[PDB]
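**Student:** Below is the structure I would like to discuss, written out as structure tokens.
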Amino acid sequence: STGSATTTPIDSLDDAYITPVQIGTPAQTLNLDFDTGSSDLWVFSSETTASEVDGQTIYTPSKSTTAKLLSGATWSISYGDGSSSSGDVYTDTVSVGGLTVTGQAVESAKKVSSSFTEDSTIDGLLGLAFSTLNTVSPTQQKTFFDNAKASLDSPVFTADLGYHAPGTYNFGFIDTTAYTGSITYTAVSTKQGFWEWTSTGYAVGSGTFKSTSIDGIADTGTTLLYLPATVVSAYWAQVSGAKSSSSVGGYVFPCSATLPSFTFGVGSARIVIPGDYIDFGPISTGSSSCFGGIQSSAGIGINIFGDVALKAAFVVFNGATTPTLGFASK
């Protein structure tokens, strides 16, 4: 089997991407944030505290003839931005782009933090990291990809995120028309439950490539590119007027600037992030100070190849017995 679904930016900055997901019988379609940095599929629901729902589409398990309460199961998660959610769990039929999994754990939110309430466009998350990170207790549950894997033509999914444009998540096959050149594969460590890999280095603009190992995670659920302070300083030093602002919470730059590209290494191959991709717009409405898309990871504990990086590539998440990651230009 295979599946193929279009993923669409939630706003003009590509802050996140949503992909329609069919849950239950008859189908209830919710727009979920596909997140390769977490492993829970959770949704706004009929059980979510009323004051915490503001425009989202909800899953109502009582209206699904295939929903079953997973007795005694609860979940609670927090993300890198400090947001969180928690609730109970149902199993139900879940389909993505024509690919159907029965008995998928659908985690129903009883509580969500303010950042979720405040974002009307995201109805929940669909985790695509390794199932070892799944938060369901007392019986940990498998991700949608893990449940689908054995049925897929090939045990892979691909992320093809657009810049200010829709893109595609495919399951079970590699669309050879979707990228240029070849896909370079690189080793993955699953020890932390993430798609963790080691970039071979970087360049800033037309500058020389610096060979240096940068461990990090491929994370579709993080907007920006978070890298070591040395690397990030080297990037922003090429932008007149750019500075790290403690009050804003990262590097900012004059909105009048033309940003240089940033290249990262994947083995001997190179992925080029165009400078425009690194512009996240005014820090507040009407400001001439713009927020940078490359930021320091120093306060996080891990480097994160978020959407800014991933959307410059066609990315293969290879879930074979020994997982690997593939990157191609496009």
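Residues in the structure tokens are numbered from 1 in each chain, the chains being A, B, ... in the order shown, and ligands are numbered from 1 in the order shown.
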Run DSSP on the backbone and give me the residues of range 167-324 of chain A it puts in helix (DSSP H, G or I), as a VMD selection string.
**Tutor:** chain A and resid 229 to 236 275 to 278 307 to 310
**Student:** Hey, what does DSSP flag as strand (DSSP E or B) within range 209-294 of chain A? Can you give it to me as number ranges by chain?
**Tutor:** A: 210-218, 225-227, 243-245, 250-254, 262-266, 269-273, 279-282, 289-292, 294
**Student:** Between CA of residue 204 in chain A and CA of residue 299 in chain A, what is the distance in Å, rounded to a tenth?
**Tutor:** 22.5 Å
**Student:** Write out as a list in words the residues lying within 10 Å of residue 222 in chain A, counting only C-alpha atoms and excluding same-chain residues fewer than 6 positions away.
**Tutor:**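 Listing them by chain and then by number gives residues 15, 16, 35, 36, 37, 79, 80, 81, 304, 305, 306, 307 and 308 of chain A.
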**Student:** Please provide the set of residues having any atom within 7 Å of range 273-278 of chain A, restricted to only C-alpha atoms, with same-chain residues fewer than 6 positions apart removed, written as an NGL selection string.
**Tutor:** :A and (259-263 or 292-294 or 308-309 or 312)
**Student:** Please, could you write that set of residues out with N, CA, C and O atoms as an mmCIF file, in the first residue's frame?
**Tutor:**
```
data_model
loop_
_atom_site.group_PDB
_atom_site.id
_atom_site.type_symbol
_atom_site.label_atom_id
_atom_site.label_comp_id
_atom_site.auth_asym_id
_atom_site.auth_seq_id
_atom_site.Cartn_x
_atom_site.Cartn_y
_atom_site.Cartn_z
ATOM 1 N N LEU A 259 19.297 38.464 2.509
ATOM 2 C CA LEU A 259 19.973 37.408 3.257
ATOM 3 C C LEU A 259 20.766 36.475 2.358
ATOM 4 O O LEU A 259 20.320 36.129 1.260
ATOM 5 N N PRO A 260 21.934 36.039 2.838
ATOM 6 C CA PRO A 260 22.685 35.014 2.120
ATOM 7 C C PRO A 260 22.077 33.637 2.316
ATOM 8 O O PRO A 260 21.350 33.383 3.272
ATOM 9 N N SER A 261 22.382 32.748 1.387
ATOM 10 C CA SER A 261 21.983 31.363 1.527
ATOM 11 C C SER A 261 22.783 30.687 2.636
ATOM 12 O O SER A 261 23.781 31.229 3.129
ATOM 13 N N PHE A 262 22.322 29.504 3.028
ATOM 14 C CA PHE A 262 23.026 28.662 3.971
ATOM 15 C C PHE A 262 23.048 27.264 3.417
ATOM 16 O O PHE A 262 22.007 26.714 3.084
ATOM 17 N N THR A 263 24.236 26.681 3.342
ATOM 18 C CA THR A 263 24.375 25.330 2.829
ATOM 19 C C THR A 263 24.699 24.378 3.966
ATOM 20 O O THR A 263 25.546 24.697 4.793
ATOM 21 N N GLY A 292 15.130 36.125 12.420
ATOM 22 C CA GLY A 292 15.903 35.193 11.617
ATOM 23 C C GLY A 292 15.445 33.747 11.701
ATOM 24 O O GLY A 292 14.959 33.265 12.733
ATOM 25 N N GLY A 293 15.629 33.037 10.595
ATOM 26 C CA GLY A 293 15.234 31.637 10.523
ATOM 27 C C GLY A 293 16.301 30.644 10.921
ATOM 28 O O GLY A 293 16.024 29.443 10.960
ATOM 29 N N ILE A 294 17.506 31.145 11.186
ATOM 30 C CA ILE A 294 18.591 30.342 11.729
ATOM 31 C C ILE A 294 18.882 30.910 13.118
ATOM 32 O O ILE A 294 19.156 32.101 13.267
ATOM 33 N N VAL A 308 12.844 25.140 8.066
ATOM 34 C CA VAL A 308 13.713 26.008 7.260
ATOM 35 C C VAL A 308 14.719 25.202 6.447
ATOM 36 O O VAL A 308 14.965 25.521 5.289
ATOM 37 N N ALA A 309 15.299 24.174 7.068
ATOM 38 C CA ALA A 309 16.242 23.298 6.388
ATOM 39 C C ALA A 309 15.524 22.268 5.527
ATOM 40 O O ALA A 309 15.881 22.061 4.374
ATOM 41 N N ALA A 312 14.049 22.922 1.980
ATOM 42 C CA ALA A 312 14.989 23.082 0.879
ATOM 43 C C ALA A 312 15.347 21.744 0.233
ATOM 44 O O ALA A 312 16.117 21.713 -0.721
#
```
**Student:** With a distance cut-off of 10 Å and only C-alpha atoms, select the neighbouring residues of residue 141 in chain A, excluding the residue or stretch itself and same-chain residues fewer than 5 positions from it, and output the selection as a ChimeraX atom specification.
**Tutor:** /A:39-41,73,89,104-107,131-136,146-147
